[PDB]
Amino acid sequence: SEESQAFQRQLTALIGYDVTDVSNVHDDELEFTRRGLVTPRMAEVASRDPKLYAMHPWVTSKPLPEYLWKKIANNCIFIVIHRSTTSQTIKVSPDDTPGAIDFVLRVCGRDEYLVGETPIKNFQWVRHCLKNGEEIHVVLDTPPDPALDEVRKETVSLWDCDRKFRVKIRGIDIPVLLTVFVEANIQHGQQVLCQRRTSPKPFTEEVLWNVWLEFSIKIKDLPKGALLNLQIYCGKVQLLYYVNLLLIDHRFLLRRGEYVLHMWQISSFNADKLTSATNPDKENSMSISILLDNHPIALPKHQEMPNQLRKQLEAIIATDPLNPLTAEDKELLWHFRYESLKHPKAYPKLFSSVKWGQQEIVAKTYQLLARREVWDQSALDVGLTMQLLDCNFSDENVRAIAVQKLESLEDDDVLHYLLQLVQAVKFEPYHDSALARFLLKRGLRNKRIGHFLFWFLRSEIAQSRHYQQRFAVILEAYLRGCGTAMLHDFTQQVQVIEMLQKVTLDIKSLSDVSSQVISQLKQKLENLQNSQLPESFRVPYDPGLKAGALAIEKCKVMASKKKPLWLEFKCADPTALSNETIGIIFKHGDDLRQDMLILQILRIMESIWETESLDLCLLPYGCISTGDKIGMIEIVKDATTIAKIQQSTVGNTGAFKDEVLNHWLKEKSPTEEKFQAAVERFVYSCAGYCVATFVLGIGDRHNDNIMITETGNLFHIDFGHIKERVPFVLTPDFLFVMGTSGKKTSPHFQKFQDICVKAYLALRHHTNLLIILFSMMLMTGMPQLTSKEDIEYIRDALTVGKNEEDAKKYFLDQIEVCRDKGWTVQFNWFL
Ligand SMILES: C[C@H](Nc1ncnc2[nH]cnc12)c1cc2ccc(F)cc2nc1-c1ccccn1
């Protein structure tokens, strides 16, 4: 009580939503989940190694790629250890442990340690340094005190009921406003098990029906996770409002009695359509009034084919995740249940062949899951696992076997999928789920995962009404186990970004170009420096870096329609070898969640390419959405837009020219050596992004949204946005670097083409994994009333089904479409 109340307030501020609030609930599920997440929290806290926890070595067991091997001769890497003033340099082999070479080796500039029983080759920092052509540097330091990571102390059976399910629609009530009807769907996954409508009435501000809607499905046939989905159409109709209610609640009980549900408006696959959350805006939202009536009813717990058929089944099984199953296929999968079970890849389809509205079939399915010996022993396929976690699956036991598989992921692989795994919580029927606990116990076991877990959850709590409650309960559970140092750390991070938000927002209210504002910005910054800015905060998109003093001199504001703040900070770590500022852009008016998702997919593309010894030098800069249309972005040093390079050597904004970009590169390359290093990095980076963006359907890019660094690294930006078209941006100037003009070939255009194809085929070897991630991004991140149309773009993009010849040839057509078109799309912007 004495501490519990100030502590829960610490938690409310950190979360930015009161988890102990019952203003907007009709049951106690949220609270039940708070209580329920205590066990797995306490287990993970109990079993975590204090030493490795506090230092969080960021390691991988991946093989050191072929391209990074070729950046070391005679098998000897150099690590320069720092005493105080002087620094000695030790020669080592990739295999050497940090033991091998009271103290602990910490990275200079960063809270990042080279510790534990892993070879230096396998540390991500060492792998990072090797990549960029940088040398490894560490300070002999005391291991940080584990003490600092201390944690504060803390019926009638359903299957004996043959009645048909029914629900009364008393009426709807809207304070401020055609005819209208209520449709009531019993859903499972996306599957509509059974549907009923009311008679149409006139759409007045209050509409009463008093009718029983009788469903064809029996109570015993209600599956756990079935949503009563209530929707309101008007009229050739149009969906105006929706709400959902779980028919079987957290305790397995059948949901009974009176409900006044506040509904959501509409602006069609969308995670938002699935939430059990009610609209909290009661004074405006549309309400529906229902009665579920029947004593409490509880769901129990569940204590050699023909050649052409097998082949027909092997075809079905092999098809892609977005390939529709006909009933004919469903019937075949289910009849051959046990054959289908021998193939982990058949699982998604197989469990999409189950009649979830039929209780004996569901029991047979669970008997099937009891026997998943092959599943259990198979190699982890994340593509296949993620499929089982999407909106097509609402059965806990099905979904649980996906999570079961995610357990074998090393901490490096979690980070790779964390955002998308945080987003897949939107598909869980219930607040407490095996997926939320996986996230939780994995966040609690590794500070790096823990860090981003916080921010990914906070991103959603701050802007999703459809899921802030759930995600909030989950984040609290993390916060109650992360440890005092992280709490304090988070408190610092939140305070800063809330101060910087103010200034960004306040300046945007004082607004295409600025005069009096440039010192009105610097006024407010100077204020915070000594008003309440902490001397150091952690960089949310890069937790290894603490930022400190503001470089007011360097801070500016874009001459844009959204006045983002360009901010710079001195690094708080005295032992940083450089004094490069830390560069954060703060922006309002774009939805940076969409950016988070594209940047993360890009990172996944890189690690795929890594497994085929392909580096394409992408630049997935950091980006965290922190609130309602607001967030932060990593400033990439020594970087300029392609647009501004054109507007400098050509000047006027009308025309364009080819030489300028190669000319700008030579000017930024001191020696010829580094100029050729750039044209190479440019061919790769151009390749990486041409492939990356064609697949994701975002290649047609205004070229003030493509940037290049002074070492020739091309990189796309500002993905939150999205006259004839172009599959991607490969403009005459890009081609001029590659020594080509109109129609020609060169030792670099042949390489670029070469690379693009390898890059492209390497993505297709993960057709499914990409199809699911893309599928999920759109549903959870791009509320664009996403259709089958939109999702099925990536299939065509990855030319599914085609052999590698036709695929190779397809992409080279695209390369040429761009050649043929030149400046047409770019010039067409200004009109
Ligand atoms: C468009 C460009 N974008 C980025 N620049 C650097 N790092 C980044 N990371 C993601 N986007 C950028 C940019 C953004 C700005 C935002 C605020 C501001 F005050 C100034 C900005 N300036 C640039 C910019 C434009 C042309 C050349 C260099 N920087």
# chains A, B, ... in the order shown; residues from 1 in each chain; ligands from 1
call {"tool": "closest_atom_pairs", "arguments": {"of": "chain A", "to": "ligand 1", "cutoff": "8 Å", "atoms": "only C-alpha atoms and all ligand atoms", "output": "JSON lines"}}
result
{"residue": "A:555", "atom": "CA", "partner": "ligand 1", "partner_atom_place_in_ligand_line": "19 (F)", "distance": 7.4}
{"residue": "A:556", "atom": "CA", "partner": "ligand 1", "partner_atom_place_in_ligand_line": "19 (F)", "distance": 4.7}
{"residue": "A:557", "atom": "CA", "partner": "ligand 1", "partner_atom_place_in_ligand_line": "19 (F)", "distance": 3.4}
{"residue": "A:558", "atom": "CA", "partner": "ligand 1", "partner_atom_place_in_ligand_line": "19 (F)", "distance": 3.5}
{"residue": "A:559", "atom": "CA", "partner": "ligand 1", "partner_atom_place_in_ligand_line": "19 (F)", "distance": 7.1}
{"residue": "A:563", "atom": "CA", "partner": "ligand 1", "partner_atom_place_in_ligand_line": "17 (C)", "distance": 7.0}
{"residue": "A:564", "atom": "CA", "partner": "ligand 1", "partner_atom_place_in_ligand_line": "17 (C)", "distance": 4.7}
{"residue": "A:565", "atom": "CA", "partner": "ligand 1", "partner_atom_place_in_ligand_line": "19 (F)", "distance": 4.9}
{"residue": "A:566", "atom": "CA", "partner": "ligand 1", "partner_atom_place_in_ligand_line": "19 (F)", "distance": 4.0}
{"residue": "A:567", "atom": "CA", "partner": "ligand 1", "partner_atom_place_in_ligand_line": "19 (F)", "distance": 7.6}
{"residue": "A:585", "atom": "CA", "partner": "ligand 1", "partner_atom_place_in_ligand_line": "16 (C)", "distance": 6.0}
{"residue": "A:586", "atom": "CA", "partner": "ligand 1", "partner_atom_place_in_ligand_line": "17 (C)", "distance": 7.6}
{"residue": "A:587", "atom": "CA", "partner": "ligand 1", "partner_atom_place_in_ligand_line": "17 (C)", "distance": 7.8}
{"residue": "A:621", "atom": "CA", "partner": "ligand 1", "partner_atom_place_in_ligand_line": "9 (N)", "distance": 6.1}
{"residue": "A:622", "atom": "CA", "partner": "ligand 1", "partner_atom_place_in_ligand_line": "9 (N)", "distance": 7.8}
{"residue": "A:633", "atom": "CA", "partner": "ligand 1", "partner_atom_place_in_ligand_line": "10 (C)", "distance": 5.8}
{"residue": "A:634", "atom": "CA", "partner": "ligand 1", "partner_atom_place_in_ligand_line": "9 (N)", "distance": 5.1}
{"residue": "A:635", "atom": "CA", "partner": "ligand 1", "partner_atom_place_in_ligand_line": "7 (N)", "distance": 3.5}
{"residue": "A:636", "atom": "CA", "partner": "ligand 1", "partner_atom_place_in_ligand_line": "7 (N)", "distance": 4.1}
{"residue": "A:637", "atom": "CA", "partner": "ligand 1", "partner_atom_place_in_ligand_line": "6 (C)", "distance": 6.7}
{"residue": "A:639", "atom": "CA", "partner": "ligand 1", "partner_atom_place_in_ligand_line": "28 (C)", "distance": 5.8}
{"residue": "A:640", "atom": "CA", "partner": "ligand 1", "partner_atom_place_in_ligand_line": "27 (C)", "distance": 3.8}
{"residue": "A:641", "atom": "CA", "partner": "ligand 1", "partner_atom_place_in_ligand_line": "26 (C)", "distance": 4.9}
{"residue": "A:643", "atom": "CA", "partner": "ligand 1", "partner_atom_place_in_ligand_line": "26 (C)", "distance": 7.8}
{"residue": "A:644", "atom": "CA", "partner": "ligand 1", "partner_atom_place_in_ligand_line": "26 (C)", "distance": 6.0}
{"residue": "A:704", "atom": "CA", "partner": "ligand 1", "partner_atom_place_in_ligand_line": "1 (C)", "distance": 6.6}
{"residue": "A:705", "atom": "CA", "partner": "ligand 1", "partner_atom_place_in_ligand_line": "1 (C)", "distance": 6.4}
{"residue": "A:707", "atom": "CA", "partner": "ligand 1", "partner_atom_place_in_ligand_line": "3 (N)", "distance": 7.3}
{"residue": "A:717", "atom": "CA", "partner": "ligand 1", "partner_atom_place_in_ligand_line": "11 (N)", "distance": 5.4}
{"residue": "A:718", "atom": "CA", "partner": "ligand 1", "partner_atom_place_in_ligand_line": "11 (N)", "distance": 6.4}
call {"tool": "residues_around", "arguments": {"residues": "range 95-106 of chain A", "least_positions_apart": "5", "cutoff": "8 Å", "atoms": "only C-alpha atoms", "output": "list in words"}}
result
residues 81, 111, 112, 113, 114, 115, 116, 117, 118, 119, 120, 121, 138, 139, 140, 141, 142 and 143 of chain A
call {"tool": "write_last_selection", "arguments": {"atoms": "N, CA and C atoms", "output": "PDB file, in the first residue's frame"}}
result
ATOM      1  N   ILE A  81      42.585  -2.810 -26.329  1.00  0.00           N
ATOM      2  CA  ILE A  81      42.105  -2.636 -24.947  1.00  0.00           C
ATOM      3  C   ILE A  81      42.608  -1.334 -24.327  1.00  0.00           C
ATOM      4  N   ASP A 111      27.071   0.813 -23.737  1.00  0.00           N
ATOM      5  CA  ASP A 111      26.780  -0.150 -22.673  1.00  0.00           C
ATOM      6  C   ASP A 111      26.581  -1.513 -23.328  1.00  0.00           C
ATOM      7  N   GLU A 112      27.688  -2.097 -23.786  1.00  0.00           N
ATOM      8  CA  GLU A 112      27.681  -3.328 -24.580  1.00  0.00           C
ATOM      9  C   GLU A 112      28.965  -4.096 -24.271  1.00  0.00           C
ATOM     10  N   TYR A 113      28.809  -5.324 -23.780  1.00  0.00           N
ATOM     11  CA  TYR A 113      29.905  -6.083 -23.206  1.00  0.00           C
ATOM     12  C   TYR A 113      30.299  -7.291 -24.050  1.00  0.00           C
ATOM     13  N   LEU A 114      31.600  -7.571 -24.079  1.00  0.00           N
ATOM     14  CA  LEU A 114      32.144  -8.749 -24.746  1.00  0.00           C
ATOM     15  C   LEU A 114      32.485  -9.799 -23.693  1.00  0.00           C
ATOM     16  N   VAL A 115      31.453 -10.495 -23.208  1.00  0.00           N
ATOM     17  CA  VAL A 115      31.555 -11.452 -22.094  1.00  0.00           C
ATOM     18  C   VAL A 115      30.903 -12.780 -22.414  1.00  0.00           C
ATOM     19  N   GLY A 116      31.323 -13.813 -21.690  1.00  0.00           N
ATOM     20  CA  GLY A 116      30.636 -15.094 -21.679  1.00  0.00           C
ATOM     21  C   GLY A 116      31.292 -16.114 -22.575  1.00  0.00           C
ATOM     22  N   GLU A 117      30.797 -17.344 -22.497  1.00  0.00           N
ATOM     23  CA  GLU A 117      31.429 -18.484 -23.155  1.00  0.00           C
ATOM     24  C   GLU A 117      31.021 -18.556 -24.632  1.00  0.00           C
ATOM     25  N   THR A 118      31.342 -17.509 -25.384  1.00  0.00           N
ATOM     26  CA  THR A 118      31.097 -17.489 -26.823  1.00  0.00           C
ATOM     27  C   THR A 118      32.357 -16.956 -27.511  1.00  0.00           C
ATOM     28  N   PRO A 119      32.696 -17.495 -28.694  1.00  0.00           N
ATOM     29  CA  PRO A 119      33.856 -16.972 -29.408  1.00  0.00           C
ATOM     30  C   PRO A 119      33.643 -15.548 -29.906  1.00  0.00           C
ATOM     31  N   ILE A 120      34.706 -14.756 -29.923  1.00  0.00           N
ATOM     32  CA  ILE A 120      34.604 -13.380 -30.418  1.00  0.00           C
ATOM     33  C   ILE A 120      33.948 -13.294 -31.799  1.00  0.00           C
ATOM     34  N   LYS A 121      34.227 -14.242 -32.695  1.00  0.00           N
ATOM     35  CA  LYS A 121      33.591 -14.244 -34.030  1.00  0.00           C
ATOM     36  C   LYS A 121      32.073 -14.071 -33.945  1.00  0.00           C
ATOM     37  N   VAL A 138      37.685  -1.670 -26.921  1.00  0.00           N
ATOM     38  CA  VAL A 138      37.045  -1.983 -25.641  1.00  0.00           C
ATOM     39  C   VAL A 138      37.819  -1.426 -24.444  1.00  0.00           C
ATOM     40  N   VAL A 139      37.105  -1.073 -23.373  1.00  0.00           N
ATOM     41  CA  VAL A 139      37.732  -0.609 -22.126  1.00  0.00           C
ATOM     42  C   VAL A 139      37.631  -1.635 -20.996  1.00  0.00           C
ATOM     43  N   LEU A 140      38.776  -1.961 -20.396  1.00  0.00           N
ATOM     44  CA  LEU A 140      38.828  -2.870 -19.253  1.00  0.00           C
ATOM     45  C   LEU A 140      38.094  -2.250 -18.066  1.00  0.00           C
ATOM     46  N   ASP A 141      36.906  -2.775 -17.781  1.00  0.00           N
ATOM     47  CA  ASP A 141      35.994  -2.160 -16.827  1.00  0.00           C
ATOM     48  C   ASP A 141      35.488  -3.174 -15.801  1.00  0.00           C
ATOM     49  N   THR A 142      34.956  -2.654 -14.699  1.00  0.00           N
ATOM     50  CA  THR A 142      34.322  -3.473 -13.679  1.00  0.00           C
ATOM     51  C   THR A 142      32.994  -3.970 -14.216  1.00  0.00           C
ATOM     52  N   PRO A 143      32.676  -5.257 -13.980  1.00  0.00           N
ATOM     53  CA  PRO A 143      31.326  -5.753 -14.272  1.00  0.00           C
ATOM     54  C   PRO A 143      30.263  -5.007 -13.450  1.00  0.00           C
TER      55      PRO A 143
END
call {"tool": "residues_around", "arguments": {"residues": "range 599-607 of chain A", "least_positions_apart": "4", "cutoff": "8 Å", "atoms": "only C-alpha atoms", "output": "PDB file with C-alpha atoms, in the first residue's frame"}}
result
ATOM      1  CA  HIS A 416      14.598 -10.184 -35.640  1.00  0.00           C
ATOM      2  CA  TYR A 417      10.891 -11.053 -35.243  1.00  0.00           C
ATOM      3  CA  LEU A 419       7.953  -6.452 -33.604  1.00  0.00           C
ATOM      4  CA  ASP A 595       7.924   2.647 -40.862  1.00  0.00           C
ATOM      5  CA  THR A 611      22.384 -17.161 -44.894  1.00  0.00           C
ATOM      6  CA  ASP A 615      25.359  -8.615 -48.233  1.00  0.00           C
ATOM      7  CA  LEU A 616      23.384  -5.807 -49.861  1.00  0.00           C
ATOM      8  CA  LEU A 618      20.851  -1.915 -46.722  1.00  0.00           C
ATOM      9  CA  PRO A 620      17.479   0.079 -41.929  1.00  0.00           C
ATOM     10  CA  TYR A 621      17.879   3.171 -39.758  1.00  0.00           C
ATOM     11  CA  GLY A 622      16.290   3.097 -36.268  1.00  0.00           C
ATOM     12  CA  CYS A 623      12.707   4.235 -35.864  1.00  0.00           C
ATOM     13  CA  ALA A 692      13.590  -4.994 -51.250  1.00  0.00           C
ATOM     14  CA  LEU A 763      14.228 -13.959 -51.062  1.00  0.00           C
ATOM     15  CA  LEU A 773       5.209 -11.080 -42.675  1.00  0.00           C
TER      16      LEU A 773
END
call {"tool": "closest_residue", "arguments": {"among": "A:538, A:451, A:657, A:562", "to": "residue 504 in chain A", "atoms": "only C-alpha atoms"}}
result
A:562
call {"tool": "select_by_dssp", "arguments": {"residues": "range 544-723 of chain A", "states": "strand (DSSP E or B)", "output": "ChimeraX atom specification"}}
result
/A:544-550,556-557,565-571,582-588,623-627,630-634,639-641,706-709,714-716
call {"tool": "atom_distance", "arguments": {"atom1": "CA of residue 129 in chain A", "atom2": "CA of residue 62 in chain A"}}
result
16.4 Å
call {"tool": "residues_around", "arguments": {"residues": "residue 217 in chain A", "least_positions_apart": "3", "cutoff": "7 Å", "atoms": "only C-alpha atoms", "output": "count of residues only"}}
result
4
call {"tool": "atom_distance", "arguments": {"atom1": "CA of residue 409 in chain A", "atom2": "CA of residue 425 in chain A"}}
result
18.0 Å
call {"tool": "residues_around", "arguments": {"residues": "residue 678 in chain A", "least_positions_apart": "2", "cutoff": "9 Å", "atoms": "only C-alpha atoms", "output": "list in words"}}
result
residues 665, 666, 669, 673, 674, 675, 676, 680, 681, 682, 683, 710, 711, 712 and 713 of chain A
call {"tool": "write_last_selection", "arguments": {"atoms": "N, CA, C and O atoms", "output": "mmCIF file, in the first residue's frame"}}
result
data_model
loop_
_atom_site.group_PDB
_atom_site.id
_atom_site.type_symbol
_atom_site.label_atom_id
_atom_site.label_comp_id
_atom_site.auth_asym_id
_atom_site.auth_seq_id
_atom_site.Cartn_x
_atom_site.Cartn_y
_atom_site.Cartn_z
ATOM 1 N N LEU A 665 29.712 12.016 -55.833
ATOM 2 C CA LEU A 665 30.439 10.940 -55.160
ATOM 3 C C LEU A 665 31.944 11.169 -55.210
ATOM 4 O O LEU A 665 32.622 11.023 -54.188
ATOM 5 N N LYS A 666 32.461 11.543 -56.381
ATOM 6 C CA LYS A 666 33.902 11.769 -56.536
ATOM 7 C C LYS A 666 34.359 12.886 -55.608
ATOM 8 O O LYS A 666 35.385 12.761 -54.940
ATOM 9 N N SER A 669 34.696 11.504 -52.215
ATOM 10 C CA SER A 669 35.702 10.457 -52.097
ATOM 11 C C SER A 669 37.083 11.082 -52.211
ATOM 12 O O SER A 669 37.478 11.514 -53.299
ATOM 13 N N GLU A 673 40.565 5.197 -54.468
ATOM 14 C CA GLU A 673 40.266 3.960 -53.736
ATOM 15 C C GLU A 673 38.849 4.008 -53.171
ATOM 16 O O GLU A 673 38.028 3.126 -53.437
ATOM 17 N N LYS A 674 38.569 5.059 -52.410
ATOM 18 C CA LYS A 674 37.277 5.222 -51.768
ATOM 19 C C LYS A 674 36.169 5.573 -52.757
ATOM 20 O O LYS A 674 35.008 5.276 -52.492
ATOM 21 N N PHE A 675 36.506 6.204 -53.881
ATOM 22 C CA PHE A 675 35.510 6.433 -54.933
ATOM 23 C C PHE A 675 35.021 5.114 -55.522
ATOM 24 O O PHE A 675 33.826 4.947 -55.772
ATOM 25 N N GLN A 676 35.934 4.174 -55.741
ATOM 26 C CA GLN A 676 35.545 2.861 -56.256
ATOM 27 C C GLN A 676 34.872 1.994 -55.183
ATOM 28 O O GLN A 676 34.027 1.152 -55.496
ATOM 29 N N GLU A 680 30.896 0.491 -55.815
ATOM 30 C CA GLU A 680 30.566 -0.896 -55.432
ATOM 31 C C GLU A 680 29.412 -0.918 -54.406
ATOM 32 O O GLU A 680 28.321 -1.443 -54.676
ATOM 33 N N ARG A 681 29.652 -0.322 -53.240
ATOM 34 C CA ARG A 681 28.606 -0.113 -52.243
ATOM 35 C C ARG A 681 27.308 0.414 -52.879
ATOM 36 O O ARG A 681 26.215 0.035 -52.457
ATOM 37 N N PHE A 682 27.423 1.272 -53.891
ATOM 38 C CA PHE A 682 26.248 1.787 -54.611
ATOM 39 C C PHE A 682 25.537 0.722 -55.452
ATOM 40 O O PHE A 682 24.305 0.680 -55.480
ATOM 41 N N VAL A 683 26.303 -0.122 -56.139
ATOM 42 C CA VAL A 683 25.719 -1.217 -56.921
ATOM 43 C C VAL A 683 24.992 -2.195 -55.987
ATOM 44 O O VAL A 683 23.851 -2.589 -56.262
ATOM 45 N N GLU A 710 28.010 9.490 -48.064
ATOM 46 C CA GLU A 710 29.261 9.910 -48.699
ATOM 47 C C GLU A 710 30.223 8.742 -48.949
ATOM 48 O O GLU A 710 31.290 8.933 -49.499
ATOM 49 N N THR A 711 29.856 7.538 -48.522
ATOM 50 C CA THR A 711 30.580 6.328 -48.887
ATOM 51 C C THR A 711 29.735 5.512 -49.869
ATOM 52 O O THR A 711 29.945 4.310 -50.040
ATOM 53 N N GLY A 712 28.774 6.176 -50.513
ATOM 54 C CA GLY A 712 28.043 5.600 -51.640
ATOM 55 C C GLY A 712 26.924 4.624 -51.322
ATOM 56 O O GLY A 712 26.491 3.888 -52.218
ATOM 57 N N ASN A 713 26.443 4.634 -50.071
ATOM 58 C CA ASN A 713 25.385 3.735 -49.615
ATOM 59 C C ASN A 713 24.022 4.332 -49.894
ATOM 60 O O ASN A 713 23.599 5.240 -49.194
#
call {"tool": "residues_around", "arguments": {"residues": "residue 433 in chain A", "least_positions_apart": "3", "cutoff": "12 Å", "atoms": "only C-alpha atoms", "output": "PyMOL selection string"}}
result
chain A and resi 29-30+32-34+36-37+40+225+250+389+394-400+402-403+424-430+436-440+470-471+473-474
call {"tool": "closest_residue", "arguments": {"among": "A:787, A:626, A:93, A:24", "to": "residue 262 in chain A", "atoms": "only C-alpha atoms"}}
result
A:24
call {"tool": "closest_residue", "arguments": {"among": "A:256, A:110, A:725, A:91", "to": "residue 167 in chain A", "atoms": "only C-alpha atoms"}}
result
A:256
call {"tool": "closest_residue", "arguments": {"among": "A:136, A:19, A:421, A:477", "to": "residue 90 in chain A", "atoms": "only C-alpha atoms"}}
result
A:136
call {"tool": "residues_around", "arguments": {"residues": "residue 328 in chain A", "least_positions_apart": "2", "cutoff": "12 Å", "atoms": "only C-alpha atoms", "output": "NGL selection string"}}
result
:A and (309 or 312-313 or 316 or 324-326 or 330-335 or 353)
call {"tool": "closest_residue", "arguments": {"among": "A:829, A:203, A:53, A:455", "to": "residue 145 in chain A", "atoms": "only C-alpha atoms"}}
result
A:53
call {"tool": "decode", "arguments": {"residues": "range 346-358 of chain A", "atoms": "N, CA, C and O atoms", "output": "PDB file, in the first residue's frame"}}
result
ATOM      1  N   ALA A 346       2.234 -28.791 -43.817  1.00  0.00           N
ATOM      2  CA  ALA A 346       0.800 -28.964 -44.047  1.00  0.00           C
ATOM      3  C   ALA A 346      -0.051 -28.424 -42.897  1.00  0.00           C
ATOM      4  O   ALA A 346      -1.260 -28.269 -43.036  1.00  0.00           O
ATOM      5  N   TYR A 347       0.567 -28.120 -41.770  1.00  0.00           N
ATOM      6  CA  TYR A 347      -0.186 -27.799 -40.580  1.00  0.00           C
ATOM      7  C   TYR A 347      -1.148 -26.636 -40.786  1.00  0.00           C
ATOM      8  O   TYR A 347      -2.352 -26.803 -40.564  1.00  0.00           O
ATOM      9  N   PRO A 348      -0.653 -25.473 -41.255  1.00  0.00           N
ATOM     10  CA  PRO A 348      -1.578 -24.336 -41.454  1.00  0.00           C
ATOM     11  C   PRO A 348      -2.827 -24.700 -42.234  1.00  0.00           C
ATOM     12  O   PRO A 348      -3.936 -24.378 -41.811  1.00  0.00           O
ATOM     13  N   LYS A 349      -2.629 -25.368 -43.363  1.00  0.00           N
ATOM     14  CA  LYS A 349      -3.720 -25.774 -44.242  1.00  0.00           C
ATOM     15  C   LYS A 349      -4.618 -26.805 -43.559  1.00  0.00           C
ATOM     16  O   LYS A 349      -5.850 -26.695 -43.590  1.00  0.00           O
ATOM     17  N   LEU A 350      -3.984 -27.785 -42.918  1.00  0.00           N
ATOM     18  CA  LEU A 350      -4.686 -28.848 -42.220  1.00  0.00           C
ATOM     19  C   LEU A 350      -5.604 -28.276 -41.179  1.00  0.00           C
ATOM     20  O   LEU A 350      -6.772 -28.657 -41.096  1.00  0.00           O
ATOM     21  N   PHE A 351      -5.101 -27.347 -40.382  1.00  0.00           N
ATOM     22  CA  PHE A 351      -5.947 -26.777 -39.336  1.00  0.00           C
ATOM     23  C   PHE A 351      -6.901 -25.724 -39.871  1.00  0.00           C
ATOM     24  O   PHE A 351      -7.788 -25.266 -39.160  1.00  0.00           O
ATOM     25  N   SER A 352      -6.720 -25.355 -41.129  1.00  0.00           N
ATOM     26  CA  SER A 352      -7.711 -24.566 -41.835  1.00  0.00           C
ATOM     27  C   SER A 352      -8.774 -25.444 -42.501  1.00  0.00           C
ATOM     28  O   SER A 352      -9.648 -24.921 -43.175  1.00  0.00           O
ATOM     29  N   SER A 353      -8.677 -26.763 -42.319  1.00  0.00           N
ATOM     30  CA  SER A 353      -9.630 -27.735 -42.853  1.00  0.00           C
ATOM     31  C   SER A 353     -10.536 -28.305 -41.774  1.00  0.00           C
ATOM     32  O   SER A 353     -11.328 -29.210 -42.032  1.00  0.00           O
ATOM     33  N   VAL A 354     -10.409 -27.773 -40.565  1.00  0.00           N
ATOM     34  CA  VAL A 354     -11.172 -28.223 -39.443  1.00  0.00           C
ATOM     35  C   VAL A 354     -12.472 -27.449 -39.387  1.00  0.00           C
ATOM     36  O   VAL A 354     -12.500 -26.241 -39.604  1.00  0.00           O
ATOM     37  N   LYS A 355     -13.555 -28.163 -39.111  1.00  0.00           N
ATOM     38  CA  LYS A 355     -14.847 -27.530 -38.896  1.00  0.00           C
ATOM     39  C   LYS A 355     -14.910 -27.131 -37.433  1.00  0.00           C
ATOM     40  O   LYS A 355     -15.256 -27.934 -36.584  1.00  0.00           O
ATOM     41  N   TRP A 356     -14.524 -25.901 -37.132  1.00  0.00           N
ATOM     42  CA  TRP A 356     -14.431 -25.463 -35.729  1.00  0.00           C
ATOM     43  C   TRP A 356     -15.774 -25.302 -35.051  1.00  0.00           C
ATOM     44  O   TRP A 356     -15.855 -25.342 -33.824  1.00  0.00           O
ATOM     45  N   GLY A 357     -16.835 -25.147 -35.846  1.00  0.00           N
ATOM     46  CA  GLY A 357     -18.196 -25.124 -35.335  1.00  0.00           C
ATOM     47  C   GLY A 357     -18.842 -26.483 -35.104  1.00  0.00           C
ATOM     48  O   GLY A 357     -20.085 -26.569 -34.999  1.00  0.00           O
ATOM     49  N   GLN A 358     -18.017 -27.537 -35.005  1.00  0.00           N
ATOM     50  CA  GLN A 358     -18.497 -28.915 -34.800  1.00  0.00           C
ATOM     51  C   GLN A 358     -17.640 -29.670 -33.778  1.00  0.00           C
ATOM     52  O   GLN A 358     -16.477 -29.974 -34.026  1.00  0.00           O
TER      53      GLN A 358
END
